[PDB]
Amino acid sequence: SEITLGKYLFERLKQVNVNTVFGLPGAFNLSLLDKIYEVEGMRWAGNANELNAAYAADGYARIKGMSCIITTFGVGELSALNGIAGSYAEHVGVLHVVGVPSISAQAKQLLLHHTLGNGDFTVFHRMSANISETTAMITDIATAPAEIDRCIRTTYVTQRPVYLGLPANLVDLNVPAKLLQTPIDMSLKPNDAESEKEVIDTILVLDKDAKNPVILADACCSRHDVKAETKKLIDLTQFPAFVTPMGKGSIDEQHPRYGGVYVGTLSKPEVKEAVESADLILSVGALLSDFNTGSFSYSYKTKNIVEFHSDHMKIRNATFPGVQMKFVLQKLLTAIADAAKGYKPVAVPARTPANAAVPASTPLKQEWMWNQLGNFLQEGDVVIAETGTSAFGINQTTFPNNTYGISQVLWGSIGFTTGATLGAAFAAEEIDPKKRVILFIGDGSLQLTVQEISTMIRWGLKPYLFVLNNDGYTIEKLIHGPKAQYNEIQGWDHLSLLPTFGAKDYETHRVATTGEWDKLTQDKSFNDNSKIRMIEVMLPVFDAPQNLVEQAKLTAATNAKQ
């Protein structure tokens, strides 16, 4: 008949397919964490710090659908803020629960640990409200179940962080268990009928008139869950389909109508021209950040641009506030084939040619590696690429179908990917034990969050950790200060990290040549996700993908401009 508020939270999380919970303990949340162990199928990650935990919750949400991190008042929550900000910026549904002092301790304004010593128990909640879609600070047991529900719903449907503060005393108070028998409503509200019809009719007419329409899938294609619809749209229409860096993975790169990675002026000439020559652009989930776009360098030649977004539509100069793309895309599928029936298929640019055979002793170079990497990938892989050369280079890698890419192009917080790898590996394990998780992280970025490797080991997760050793911050050196000491890093013994963190079942590998790369990555046992691996990749100091060389100059100029 009755259940603790704490246990109710974990029962709800289990109902919405969140099965791993991130964060660190502190006195203000200990009684709440107890409740995790009362719920079958729920686990506590036991993160090495709160920032890493927040990055992990982000990785988990991207793969699983949403996530939860629990921290402690002041010291835990403030540690996590950069992770939460990144989740807000990139539209990732992370529920951040904070164990806060009891109602009675607040009432009496006790000078407790983890406060600013001024009796203000609102300050951290206030700070988090800036990077949250909504917040709740629970003060009474009576409406607490509904507020938990609302927070979980909002996290999921808006795909942005939500803040939920739970006083220590309230987690052990009882609420009706019967509440758990009605599901949380996880569904979008239908669109305005008249506005949605206008948009659909208008698109269909633009489609009928188009001779070279193109589809461009960007971040929100993935973040707001329209990949299936976009795939159908591609198949029914036969229109060329291109993807952005931030949306890479949202469309199948083995589809015969897939045209490549569009990055404005930084695209392959053939890709740039194929996109920009379009007489109708179907833009799915645009997020036009500097790195996503070669510093705002799109040069569409047509006015006929349809922008599909999670919360609104735009057609040419006309805006349709509130009209959600999910339902527009679904309903379009009914009549889009008819609208496209006169289309005569325009050729797409061909895939970048495979690397030519070279001697086994050929030193590894970035351009070669990114082009070679597609050989190692397989359908189902989660492929994570850190801000730095890795994020820029993965744009050149051809993905198998059904690859989930993670690249934090907008927020661009180095170190993110160590934590994201952990969360992705949890979620991937829960989905399918044979799903591989593959990380490319710079030597510089690894340093910020290196301890989260510990948490991978403790749970026997088996990601592939490729560390690009180029002796410092190459991306920065290419922006400004190529020999500046601030761009250099202390030299670590990367392959000793796993055993240092107590790993027992693992492999470590170093590759420095083309021969070594091929030998390792083509190897049958290596391709099985049987244990955690670290691969140290030795690369030259100033070597970078060409797109990064160019973007670095553009970014330098933007910042230096008077």
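Position 1 is the first residue in the sequence shown; the rest follow in order.
Look at the mean CA B-factor for 80-88 and for 245-253 in the entry; the higher one is 245-253. Averaged over CA atoms, B-factors in the entry run higher in 203-211 than in the other of 203-211 and 234-242.
Ranking 127, 226, 478, 286 by Cα temperature factor from the entry places 478 first. Highest CA B-factor among 50, 58, 536, 38, as stated in the entry: 38. Residue-level temperature factors show residue 450 in the lowest third of its chain, judged at the C-alpha atom. In the deposited entry, the Cα temperature factor of residue 496 places it in the middle third of its chain's modelled residues. Annotation for residue 530: CA B-factor lies in the highest third of the chain's modelled residues. Sorting the modelled residues of the chain by their CA temperature factor places residue 45 in the lowest third. In the deposited entry, the Cα temperature factor of residue 222 places it in the middle third of its chain's modelled residues.
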